[PDB]
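Peer 1: Same order as they appear, the protein sequences are chains D, F, B, C and E.
If you count by the entry's author numbering, then the first sequence holds residues 521 to 546, 569 to 663, one letter each, in order.
If you count by the entry's author numbering, then the second sequence holds residues 521 to 546, 569 to 663, one letter each, in order.
If you count by the entry's author numbering, then the third sequence holds residues 521 to 551, 568 to 663, one letter each, in order.
If you count by the entry's author numbering, then the fourth sequence holds residues 34 to 57, 67 to 177, 188 to 309, 312 to 321, 321A, 322 to 397, 411 to 504, one letter each, in order.
If you count by the entry's author numbering, then the fifth sequence holds residues 34 to 57, 67 to 177, 188 to 309, 312 to 321, 321A, 322 to 397, 411 to 504, one letter each, in order.
Note that beta-carbon positions come from the ideal geometry of N, C-alpha and C, so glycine has one too.
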Amino acid sequence: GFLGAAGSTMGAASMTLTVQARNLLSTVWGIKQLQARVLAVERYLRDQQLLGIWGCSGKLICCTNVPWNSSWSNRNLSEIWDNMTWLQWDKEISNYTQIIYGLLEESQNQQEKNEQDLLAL
Amino acid sequence: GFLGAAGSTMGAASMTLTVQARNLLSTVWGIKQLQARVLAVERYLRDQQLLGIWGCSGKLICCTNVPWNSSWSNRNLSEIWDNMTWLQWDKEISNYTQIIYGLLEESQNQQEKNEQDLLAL
Amino acid sequence: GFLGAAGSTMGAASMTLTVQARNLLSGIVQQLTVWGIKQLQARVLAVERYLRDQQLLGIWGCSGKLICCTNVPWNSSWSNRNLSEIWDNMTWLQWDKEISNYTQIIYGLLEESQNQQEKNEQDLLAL
Amino acid sequence: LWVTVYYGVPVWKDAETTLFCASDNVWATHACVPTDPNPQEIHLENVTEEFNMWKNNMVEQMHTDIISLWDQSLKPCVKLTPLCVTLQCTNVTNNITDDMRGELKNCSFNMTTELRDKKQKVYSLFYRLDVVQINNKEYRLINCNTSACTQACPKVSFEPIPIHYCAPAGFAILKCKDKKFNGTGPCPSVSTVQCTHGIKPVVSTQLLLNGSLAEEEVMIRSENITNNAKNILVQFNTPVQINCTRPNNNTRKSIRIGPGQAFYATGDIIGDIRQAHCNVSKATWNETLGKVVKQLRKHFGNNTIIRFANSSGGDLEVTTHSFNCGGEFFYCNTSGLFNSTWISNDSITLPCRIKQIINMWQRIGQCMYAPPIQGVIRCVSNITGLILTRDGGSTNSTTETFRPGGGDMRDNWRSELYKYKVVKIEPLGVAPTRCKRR
Amino acid sequence: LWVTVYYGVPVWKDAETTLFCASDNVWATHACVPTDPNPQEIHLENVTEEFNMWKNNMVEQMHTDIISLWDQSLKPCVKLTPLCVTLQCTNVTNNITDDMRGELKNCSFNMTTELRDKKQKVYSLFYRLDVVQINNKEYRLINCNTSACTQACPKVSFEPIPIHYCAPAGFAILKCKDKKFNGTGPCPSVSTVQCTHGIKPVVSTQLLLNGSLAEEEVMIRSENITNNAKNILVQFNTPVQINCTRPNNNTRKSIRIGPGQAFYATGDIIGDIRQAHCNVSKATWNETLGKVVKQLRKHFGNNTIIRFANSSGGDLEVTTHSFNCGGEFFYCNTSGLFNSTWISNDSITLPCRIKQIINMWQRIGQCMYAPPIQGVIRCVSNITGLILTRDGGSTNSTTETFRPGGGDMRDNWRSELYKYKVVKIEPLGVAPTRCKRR
Ligand SMILES: *[C@@H]1O[C@H](CO)[C@@H](O[C@@H]2O[C@H](CO)[C@@H](O[C@@H]3O[C@H](CO)[C@@H](O)[C@H](O)[C@@H]3O)[C@H](O)[C@H]2NC(C)=O)[C@H](O)[C@H]1NC(C)=O
Ligand SMILES: *[C@@H]1O[C@H](CO)[C@@H](O[C@@H]2O[C@H](CO)[C@@H](O[C@@H]3O[C@H](CO)[C@@H](O)[C@H](O)[C@@H]3O)[C@H](O)[C@H]2NC(C)=O)[C@H](O)[C@H]1NC(C)=O
Ligand SMILES: *[C@@H]1O[C@H](CO)[C@@H](O[C@@H]2O[C@H](CO)[C@@H](O[C@@H]3O[C@H](CO)[C@@H](O)[C@H](O)[C@@H]3O)[C@H](O)[C@H]2NC(C)=O)[C@H](O)[C@H]1NC(C)=O
Ligand SMILES: *[C@@H]1O[C@H](CO)[C@@H](O[C@@H]2O[C@H](CO)[C@@H](O[C@@H]3O[C@H](CO)[C@@H](O)[C@H](O)[C@@H]3O)[C@H](O)[C@H]2NC(C)=O)[C@H](O)[C@H]1NC(C)=O
Ligand SMILES: *[C@@H]1O[C@H](CO)[C@@H](O[C@@H]2O[C@H](CO)[C@@H](O[C@@H]3O[C@H](CO)[C@@H](O)[C@H](O)[C@@H]3O)[C@H](O)[C@H]2NC(C)=O)[C@H](O)[C@H]1NC(C)=O
Ligand SMILES: *[C@@H]1O[C@H](CO)[C@@H](O[C@@H]2O[C@H](CO)[C@@H](O[C@@H]3O[C@H](CO)[C@@H](O)[C@H](O)[C@@H]3O)[C@H](O)[C@H]2NC(C)=O)[C@H](O)[C@H]1NC(C)=O
Ligand SMILES: *[C@@H]1O[C@H](CO)[C@@H](O[C@@H]2O[C@H](CO)[C@@H](O)[C@H](O)[C@H]2NC(C)=O)[C@H](O)[C@H]1NC(C)=O
Ligand SMILES: *[C@@H]1O[C@H](CO)[C@@H](O[C@@H]2O[C@H](CO)[C@@H](O)[C@H](O)[C@H]2NC(C)=O)[C@H](O)[C@H]1NC(C)=O
Ligand SMILES: *[C@@H]1O[C@H](CO)[C@@H](O[C@@H]2O[C@H](CO)[C@@H](O)[C@H](O)[C@H]2NC(C)=O)[C@H](O)[C@H]1NC(C)=O
Ligand SMILES: *[C@@H]1O[C@H](CO)[C@@H](O[C@@H]2O[C@H](CO)[C@@H](O)[C@H](O)[C@H]2NC(C)=O)[C@H](O)[C@H]1NC(C)=O
Ligand SMILES: *[C@@H]1O[C@H](CO)[C@@H](O[C@@H]2O[C@H](CO)[C@@H](O)[C@H](O)[C@H]2NC(C)=O)[C@H](O)[C@H]1NC(C)=O
Ligand SMILES: *[C@@H]1O[C@H](CO)[C@@H](O[C@@H]2O[C@H](CO)[C@@H](O)[C@H](O)[C@H]2NC(C)=O)[C@H](O)[C@H]1NC(C)=O
Ligand SMILES: *[C@@H]1O[C@H](CO)[C@@H](O[C@@H]2O[C@H](CO)[C@@H](O)[C@H](O)[C@H]2NC(C)=O)[C@H](O)[C@H]1NC(C)=O
Ligand SMILES: *[C@@H]1O[C@H](CO)[C@@H](O)[C@H](O)[C@H]1NC(C)=O
Ligand SMILES: *[C@@H]1O[C@H](CO)[C@@H](O)[C@H](O)[C@H]1NC(C)=O
Ligand SMILES: *[C@@H]1O[C@H](CO)[C@@H](O)[C@H](O)[C@H]1NC(C)=O
Ligand SMILES: *[C@@H]1O[C@H](CO)[C@@H](O)[C@H](O)[C@H]1NC(C)=O
Ligand SMILES: *[C@@H]1O[C@H](CO)[C@@H](O)[C@H](O)[C@H]1NC(C)=O
Ligand SMILES: *[C@@H]1O[C@H](CO)[C@@H](O)[C@H](O)[C@H]1NC(C)=O
Ligand SMILES: *[C@@H]1O[C@H](CO)[C@@H](O)[C@H](O)[C@H]1NC(C)=O
Ligand SMILES: *[C@@H]1O[C@H](CO)[C@@H](O)[C@H](O)[C@H]1NC(C)=O
Ligand SMILES: *[C@@H]1O[C@H](CO)[C@@H](O)[C@H](O)[C@H]1NC(C)=O
Ligand SMILES: *[C@@H]1O[C@H](CO)[C@@H](O)[C@H](O)[C@H]1NC(C)=O
Ligand SMILES: *[C@@H]1O[C@H](CO)[C@@H](O)[C@H](O)[C@H]1NC(C)=O
Ligand SMILES: *[C@@H]1O[C@H](CO)[C@@H](O)[C@H](O)[C@H]1NC(C)=O
Ligand SMILES: *[C@@H]1O[C@H](CO)[C@@H](O)[C@H](O)[C@H]1NC(C)=O
Ligand SMILES: *[C@@H]1O[C@H](CO)[C@@H](O)[C@H](O)[C@H]1NC(C)=O
Ligand SMILES: *[C@@H]1O[C@H](CO)[C@@H](O)[C@H](O)[C@H]1NC(C)=O
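1) Looking only at C-alpha atoms, which of E:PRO76, E:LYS97, E:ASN197 sits nearest to E:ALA48?
2) Ignoring anything shorter than 3 residues or poking outside the segment 343–390 of chain C, list the beta strand (DSSP E) runs there in chain order.
3) Does DSSP put E:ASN94 in a helix, in a strand, or in coil?
4) Which residue marks the beginning of the alpha helix (DSSP H) containing B:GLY547, and which one marks its end?
5) Counting by C-beta, which residues lie closer than 6 Å to a heavy atom of ligand 6, in chain order?
6) Which same chain residues, not among the five before or five after E:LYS305, have their C-beta less than 6 Å away from its C-beta?
7) Of all Cβ atoms in chain D, is any one closer than 8 Å to the Cβ of C:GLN114?
8) How about D:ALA541: is its C-beta nearer than 8 Å to some C-beta of chain F?
9) Taking 8 Å as the CB-CB limit, is C:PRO313 close to chain E?
10) Following the continuous beta strand (DSSP E) through E:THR297, name the residue where it begins and the one where it ends.
11) Would you say F:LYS655 reaches chain E, if we count a Cβ-Cβ gap shorter than 8 Å as a contact?
12) Got a sec: does ligand 12 put a non-hydrogen atom nearer than 7 Å to the Cβ of E:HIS330?
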């Protein structure tokens, strides 16, 4: 359905990411609904721009050369991709997001400075 | 300039795809303009979301690999790019596009296996 | 900060290009009344400008990259200074006056180079 | 371990948004978009959502939308500002019955006509609850000491129609599906939906009418069951039928007050004069009260004597059960229903009464003139919920008495929006993995 | 043998949108978007689209646009509610000729002044088609049992001004250029355009005035021709000049009716009062009627005698010509123009009467007082069309009688917006050629 994998295994929930990704776009009832849909466009464009700073424009799954600092989560791989759901995973990491966004941004910033002089030959 | 490439052959319309694409985003009588610009923004973001989901994003000729048959047209390339136009081609595919749009929902499956599964040391 | 080191040299602003890009859309805390309709017009205009600039980046096959190169030739009538005095002791502000009236053919040359490159890639991968 | 990024994960946080409505009169749906047929519903399985029916923000948005849309529907009707010239009213007494004597008045005032240099002496019939004495004795309307009432122009009807609340892009509506649900706490089975069901904005103050029923037992919902300052709310399992009607044969006449504005006054009554009756079956109400008292004592004790007394309101709207009957507004005594004590084809009749000047949403300086409806009127409805109020004497006692109440219209729609909440999807997410970007 | 996906291809399909583009008054050209010089009229290649004239949404959208624009421009003006008083009236008797006797009436009444305790006795000249006897005789205005009016402010004038029509971003307007076009069917001359040509919102009911000309011959364009009900609109190849004038000197008074509101009443007439002759020439009219009657019998009959007659309408607007000549609305007989029985410097001066209270875009109870214009006025315009209607029974016909008629304001905008249709782009196109992404 729309988000029918929202309670399933976090490994198995990532097989159907597009059905969440599809439906982010979709007088009393004048300015209010116009403001609602302009705010939806604003949120989607902010999301796509923040994904585009990281070097992941047009990609649903990436990788990036940042190391995972264990202070965020000491749990290893044998308890994360098997019997938990994305809601508890967001609830555990909810105050560790700004620093990893900043490190990801600085890694892309360092990444983008290392090809333009190798392409200058 | 603008769409005076209709009526011309498929083989001649493929070299002019962008001049028809850069003119897609460019009190009464005042609110109507706001609704028009908002609607244009919605259509452009929907089209770009479909291209981003399909894997090929930002590319005019974004050749993917979903197989054909005789059911989703059997007309060979010896006639549909020497004589036949885009407008007539839209007519004969008009009730067949939906499953092909559905069949293009595999980019996510083969980017979780080319990035998330592979490239692991 | 926003417009940080805008008066610096050509190469000094190259590492501070990302700071402008986030703030061309909006803020979040700043997201009936004559203030409201003007704020709505300003928000729609900002979205319009950012989407237009991103589309103009996307035509030339350079989307997602702040720094990029293109293989279309540069005519000598447009400029004559070499690389020595343009990337050093030259602020970005004094660059647009001499290339004011040539840009509309620059965009077409970029478009034709990208379309020819895309058709060449389609012809090559079809084998 | 190296970090990957995902876009489009099913993660939702609580948020505030402006929902838009959809449908299939005052509740004008000509400015509302049509709804879709067969709206999809997805049964999420391994989720536990912490619902809260008493702090959700869609109820306030519903109240604001109803108020603003009501004011929008009141704009293209007659202003009726020059009406309240000093009235002279006699007792109408023709072959009127013994009770409700001296209720209707025969007022004889005079008014401006289409030409703005003549007048005309007219007569109208008014209730006692619309006129006060200013000192035959002279009378004036109760309204124009504070403000001038606005007529409800007679093309518009007051019948409720269902309204479905949708959600915009990025926001999801989660619907409760636990069958034992007191409105607060976690829910084991949660399902999502894009559209709410048919929610008619019914008007009531003590007895919830035409609502959505329960499924297994009668349920009890409150803020704090040991606190007596919060309105306890009960929802029935089976409906009880109610028949409120007005027996007299009134007629309407058109009186012109200017070039194109007409005021509809009550004409001479054909026949006799009788008060408006309201009927509820006795044994079915006794069985329903038995169900309520059986479900009430699970919160207080197995030996507590439970009593029901009549209401103790100050104004008319809290004292009397009030609703609408397609144009006429009723006010019912309802003392013969809540009068019993419980220890561990006859029909009860209620003298429902009629008022015309309506100050409805409790705003200072705005009101209604409802025109009379020609002929007899009949309404057949059914009671779904009650809004009771505890009378808490002391701790560890053996007797609790319950009284009807309300007046605040947020609690009327809180019994229909309990199994709904709105969340905002945040599709970004990060996770550790083994992969590397090239 | 695999799909490829293409972006930006020249496919399209039909749609409907909301439009703009004013020029480079009531038709407000201050709150708009100015047009560009040198529009992009790009001639397309072999495509043939099925243009329809009778089903495009643009005509209805234009009608709604002019209505909303009209009654927003009449909003900040004087509401003539004190004008409904009693009028005692007498005949005007000054230098009255054989005609115009009793067409004007000298009326005297009462009207309030700035200081709202003191009245005054003022006098004015109303027309015969504006007052109704109520039964030296008393009178009232004709529009004082439905609704009070709104006097048109003299600052805002209502001469026709050119506007244009865009398509929004992501849409396009396809324009016909074939020289023989019968309304429906295909067209091998399709070309796109951004803003349309100089469309002019003229208001007429029997004879199209000041509009877009034809280019090779007179073109008959209609529905299914066997129907007697459908209008059969004719477009002339060459214009014919029309001069309609009022040869009466008028004096505009400034009768003050409130604290800053003025009712501009007609004063006495300087000189003699003559009937408004409303002129057209014989020779060019006879020549153009010859061209039109030659181009009827192409598809109607072959040699049946074609005759005209004068109109047969119920109200005033359908049965006679109606047009603007600067705020002083005319009504010309047009009965000497259709009195021929065609078989196969002198003038056709018309009695062209006149009225002040107007009610156009017919709605129940919205009048508009048109203030008088001082001096004499004369308009030199030209006929660019016909709004005839066929009337006759016999299938095996020996004759066909055409009678003009008209009305229905929608048809005056489907006469000059015929060569236009809006379309939707939809740039994505899927399954070209052999490929195989690595
Ligand atoms: C629901 O309502 C009950 C009352 O029906 C609330 O419990 C009461 O809470 C108050 C405030 O904390 C307590 O008062 C305090 O008690 C002692 C002396 O008895 C002392 O610590 C303070 O001076 C203060 O007065 C009260 O004892 C307690 N219980 C009763 C039976 O009244 C309860 O908090 C409410 N629940 C919620 C969630 O709000
Ligand atoms: C709730 O129910 C009680 C009990 O049935 C009602 O109280 C009764 O109210 C009536 C009102 O007419 C009282 O009658 C009047 O009382 C005195 C008698 O001295 C006299 O002025 C009149 O002749 C008339 O009979 C009646 O006495 C009173 N009963 C008691 C025991 O006080 C009450 O009205 C109901 N309340 C509501 C809000 O519905
Ligand atoms: C609760 O729902 C019931 C559903 O039956 C409502 O009763 C219905 O009320 C409407 C509006 O008053 C009645 O419509 C009217 O009926 C007659 C005949 O058509 C006429 O007076 C009007 O033209 C209008 O259509 C309807 O007949 C009536 N239905 C029945 C079966 O009696 C009731 O009003 C609702 N109660 C509320 C909102 O308190
Ligand atoms: C709501 O209904 C209650 C039902 O008890 C009403 O209370 C009763 O009202 C009557 C009439 O005013 C009181 O008078 C009694 O009536 C009969 C003769 O009609 C007779 O039994 C007595 O001689 C006496 O006059 C009666 O005392 C009173 N109470 C009871 C317990 O019956 C009440 O008035 C109604 N309230 C409203 C606001 O309409
Ligand atoms: C269309 O043309 C016909 C033919 O001329 C017009 O009919 C004419 O109408 C006038 C005014 O109503 C009639 O005059 C009156 O006639 C009677 C009988 O003689 C009498 O009461 C008076 O002498 C008065 O003048 C006239 O006779 C009549 N002509 C004929 C031949 O019937 C008609 O009015 C025109 N209609 C329109 C809408 O233009
Ligand atoms: C169709 O064509 C003619 C072309 O002349 C239009 O006539 C023009 O009408 C306007 C508006 O009434 C006149 O403008 C005003 O005229 C007077 C002086 O006559 C004065 O108040 C102002 O200077 C103002 O310009 C204009 O003079 C008149 N043109 C001529 C040459 O006399 C006509 O209105 C068009 N429309 C219709 C519905 O006939
Ligand atoms: C309009 O249609 C005619 C059809 O004959 C086109 O003329 C030829 O079409 C064939 C096949 O369609 C081509 O191989 C030829 O090259 C065409 N000849 C010429 C001189 O054009 C004609 O080209 C069509 N017009 C357009 C713009 O495509
Ligand atoms: C209300 O009072 C008016 C008078 O103010 C009554 O109207 C009169 O009724 C009598 C009796 O039928 C007639 O003879 C008169 O001609 C009526 N006069 C007018 C002006 O209508 C009216 O009947 C009273 N209404 C009642 C008692 O319900
Ligand atoms: C409510 O119930 C009462 C009591 O049964 C009904 O009153 C009786 O109605 C019948 C029929 O109209 C009359 O013949 C009787 O005289 C009434 N009984 C009395 C006055 O004691 C009443 O009609 C019912 N109301 C409804 C069904 O709307
Ligand atoms: C309220 O009114 C309804 C409609 O008249 C009553 O329902 C009727 O009850 C009688 C009882 O003998 C049945 O014969 C009818 O078939 C019922 N009709 C319908 C349409 O259901 C109802 O009894 C009344 N409620 C009371 C008196 O409490
Ligand atoms: C219409 O009638 C009015 C009176 O109701 C006339 O006004 C009078 O005209 C005479 C002659 O000019 C003056 O001496 C009076 O002073 C006027 N009286 C007032 C009160 O102003 C008016 O002239 C008539 N209009 C015509 C015949 O066109
Ligand atoms: C309309 O046509 C009539 C008839 O040709 C004209 O009226 C005549 O005009 C001449 C020239 O000025 C005068 O000598 C005559 O006395 C008029 N005859 C009448 C009034 O019966 C009239 O001028 C024309 N009007 C216009 C605006 O062209
Ligand atoms: C309508 O008015 C025009 C403009 O005045 C008239 O054209 C005039 O025609 C006469 C004919 O003798 C010429 O001498 C004038 O030079 C023309 N005027 C101009 C300004 O060119 C026209 O004839 C009138 N139409 C009628 C009366 O039917
Ligand atoms: C990991 O995080 C801790 C706590 O913030 C910090 O002290 C440490 O330096 C980090 N280690 C890294 C970045 O290797
Ligand atoms: C982050 O949240 C967790 C869970 O609530 C909490 O234990 C921790 O202290 C928080 N960290 C900071 C720095 O606030
Ligand atoms: C698509 O439409 C054509 C034209 O009617 C029809 O022949 C064909 O069967 C349709 N394809 C379907 C229904 O799959
Ligand atoms: C650029 O070209 C425009 C267009 O002719 C002209 O007006 C302008 O002067 C030119 N500027 C320079 C510096 O040549
Ligand atoms: C009119 O009603 C009042 C209030 O009940 C009463 O005092 C008065 O006596 C009545 N008059 C008549 C004539 O019945
Ligand atoms: C009341 O009704 C009766 C019966 O219809 C009728 O004859 C009478 O005139 C009325 N008035 C009185 C005082 O009885
Ligand atoms: C609702 O029921 C739950 C589950 O037993 C309980 O935790 C909660 O306190 C109850 N709330 C009320 C107001 O009774
Ligand atoms: C009410 O009076 C009217 C007019 O006499 C009559 O036609 C109608 O039947 C009456 N209604 C009832 C329910 O008696
Ligand atoms: C209310 O109940 C009491 C007993 O508590 C009883 O005496 C009385 O008659 C009842 N009144 C009504 C109107 O039912
Ligand atoms: C006024 O006009 C009427 C209309 O026919 C006429 O009967 C009457 O004689 C006229 N009076 C004068 C004085 O002209
Ligand atoms: C109102 O009009 C009447 C009739 O002409 C007249 O008697 C009276 O004096 C006028 N003026 C007033 C009341 O000021
Ligand atoms: C016909 O009217 C137009 C305006 O609609 C005007 O410009 C023109 O001069 C007139 N005469 C012609 C074409 O002879
Ligand atoms: C217009 O021409 C088409 C050509 O197919 C014809 O079928 C139709 O009847 C014509 N319509 C009219 C109104 O002449
Ligand atoms: C019909 O019209 C055509 C074309 O004018 C003509 O040649 C033919 O003779 C006519 N036939 C008849 C029977 O009138
Ligand atoms: C109207 O009368 C005035 C009076 O001064 C005169 O000057 C003017 O020329 C007249 N207008 C005409 C006859 O058109």
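Peer 2: Per the coordinate set shown:
1) As a first step, residue 48 of chain E is located in the fifth sequence; it is residue number 15 there, counting from the start. Per the Cα distances, E:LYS97.
2) 358–361, 374–377, 382–385
3) The residue given as residue 94 of chain E occupies position 52 in the fifth sequence. Note: E:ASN94 maps to coil in three-state DSSP.
4) Walking along the third sequence from the start, residue 547 of chain B turns up at place 27. From DSSP, B:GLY547 is part of no alpha helix (DSSP H); its letter is neither H nor E.
5) E:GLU211, E:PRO212, E:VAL254, E:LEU261, E:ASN262, E:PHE376, E:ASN377, E:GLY379, E:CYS445, E:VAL446, E:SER447
6) Against the fifth sequence, residue 305 of chain E aligns to sequence position 253. Taken in chain order, the residues that qualify are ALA319, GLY321.
7) Taking the first residue of the fourth sequence as position 1, residue 114 of chain C is located at position 72. Cβ-Cβ to chain D under 8 Å: yes for C:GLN114.
8) Along the first sequence, one-based indexing puts residue 541 of chain D at 21. Yes, D:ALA541 lies at the interface with chain F (some Cβ there is under 8 Å from its Cβ).
9) Counting from 1 along the fourth sequence, the entry for residue 313 of chain C is found at position 259. Interface residue (Cβ-Cβ distance to chain E less than 8 Å): C:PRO313 is classified as such.
10) As a working note, residue 297 of chain E is residue 245 in the fifth sequence. First-last of the beta strand (DSSP E) with E:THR297: 292–302.
11) Position 113 of the second sequence, counted from the first residue, corresponds to residue 655 of chain F. Not an interface residue.
12) Looking up residue 330 of chain E in the fifth sequence gives position 277. Answer for E:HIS330: yes, Cβ within range of ligand 12.
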